[PDB]
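>>> whatever this is, show me its structure:
(chains A and B)
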Amino acid sequence: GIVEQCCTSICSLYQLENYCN
Amino acid sequence: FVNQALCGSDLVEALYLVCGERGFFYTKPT
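Residues are numbered from 1 along each chain as shown, chains lettered A, B, ... in the order given. Dropping the coordinates below:
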């Protein structure tokens, strides 16, 4: 579920940074 | 760019850009 969160629902690039290593 | 959806490369492309130098954990079995 790393994409499903920023993929389906809307994601903020700042919240998308929580997927990095 | 705004709060748009993040699927396909748009995701990695947003991850690759937000961090990139920090790599990420985008996974998917195929």
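
>>> rest of the way, CA atoms for contacts and neighbours
Fine.

>>> so what's the spatially closest residue to residue B:26 that is not a sequence neighbour up against?
In space, not counting the residues next to it along the chain, residue B:26 is nearest to residue A:2; the distance is 6.5 Å by C-alpha to C-alpha, 6 or more residues apart in numbering or on different chains. The contact partners of residue A:2, by C-alpha atoms under 8 Å, 6 or more residues apart in numbering or on different chains, come to A:19, B:25, B:26, B:27.

>>> out of those residues, which is most surrounded?
Using other C-alpha atoms under 10 Å in any protein chain shown as the neighbour criterion, residue A:19 leads the contacts of residue A:2 with 20 neighbours.

>>> so what sits opposite the residue of chain A at minimum distance from chain B in the bridge?
For chain A and chain B, the shortest gap (C-alpha to the nearest C-alpha) falls at residue A:20, measuring 3.4 Å. Residue A:20 has these beta-bridge partners by DSSP bridges: residue B:24.

>>> verify the contact between it and residue B:21 for me.
No: using C-alpha atoms under 8 Å, residue A:20 is not in contact with residue B:21, being 9.3 Å away.

>>> how near is the residue nearest to residue B:26 to residue B:15?
Counting by C-alpha to C-alpha, to the nearest Å, the gap from residue A:2 to residue B:15 is 11 Å.

>>> identify the contacts common to those two.
Common contacts of residue A:2 and residue B:15 (C-alpha under 8 Å, 6+ apart): residue A:19.

>>> picking up where we left off before, have a look at residue A:20 and residue B:21 and say which one is more surrounded.
When neighbours are counted by other C-alpha under 10 Å, residue A:20 comes out ahead of the other of residue A:20 and residue B:21, with 17 against 10.
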